[PDB]
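A single chain comes next, written as structure tokens; it is the form deposited in one PDB entry.
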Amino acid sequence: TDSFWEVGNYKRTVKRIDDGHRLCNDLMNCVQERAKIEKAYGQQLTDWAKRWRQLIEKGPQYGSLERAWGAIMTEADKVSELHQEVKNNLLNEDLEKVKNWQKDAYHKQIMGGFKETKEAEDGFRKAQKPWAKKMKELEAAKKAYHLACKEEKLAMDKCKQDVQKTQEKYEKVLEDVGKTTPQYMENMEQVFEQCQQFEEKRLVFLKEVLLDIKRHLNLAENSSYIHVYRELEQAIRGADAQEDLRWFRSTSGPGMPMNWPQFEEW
């Protein structure tokens, strides 16, 4: 009695419809929440880069090694942009893709619920109408029989006659449900199949939107991520210790020009 074929259990296939709308909601939020995280990290990176671009500037570090060190806040900036770029590609391109599909696939009934849920609910019920009727007409003819049976095994004449009458009807109803049973299955099959087709439209779209997000989350397989570190490494391997020393000698040490003592008239 959890079988789709039992009266009323097509309802799970019906809830499934509603579910789809909710899951669209769910995906939208999921994506949204990931965006706010990618933003927080990019913001914190720029802040840090601001901090230190300034502290490295105002401090005693000089020459090329001051620049190499400063090339790090440059990656923090470039990397932050990339995350801030991921946040937009999630909100302008992915969350919107789902918003519009959701918008167009489900039409709320101005009065309530979805037009898509109603139609399936309505079609199952019509498909099941006769079967449900017979199925109650079989409830009685069994009760009235099981009652005349347990009553004829009590008076142990007219009781045995009433059991031949109830048994006869009962078996006739079995005959019907049998004859009606195939069209019922055809009918329900038909509505169910219309439900799959709609759910397939959704899953297929889901799979597509999922690949979209994987693409907007992947900083690798992007030349821009890998490039910032080729660049950083180049910037640092650039720095020359000697060169820095030579620059200090020349501007703060024995390299400085000097006006030595000379005769002064007057």
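Take the two forms, find the largest set of C-alpha atoms that superpose within 1.5 Å, and that set is the rigid core. Note that residue numbering follows the sequence shown and begins at 1.
From this point on, the text means the form deposited in another entry, which you will not see here.
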Tell which of 132, 188, 173, 72, after superposing on the rigid core, has its C-alpha displaced by 2 Å or more between this form and the one not shown, please.
-> 173
Relative to the superposed rigid core, does the CA atom of residue 143 travel 2 Å or more between this form and the one not shown?
-> yes
Could you tell me whether the Cα atom of residue 100 shifts by at least 2 Å between this form and the one not shown after core superposition?
-> no
Core-superposed C-alpha of residue 162 shifting 2 Å or more between this form and the one not shown = yes
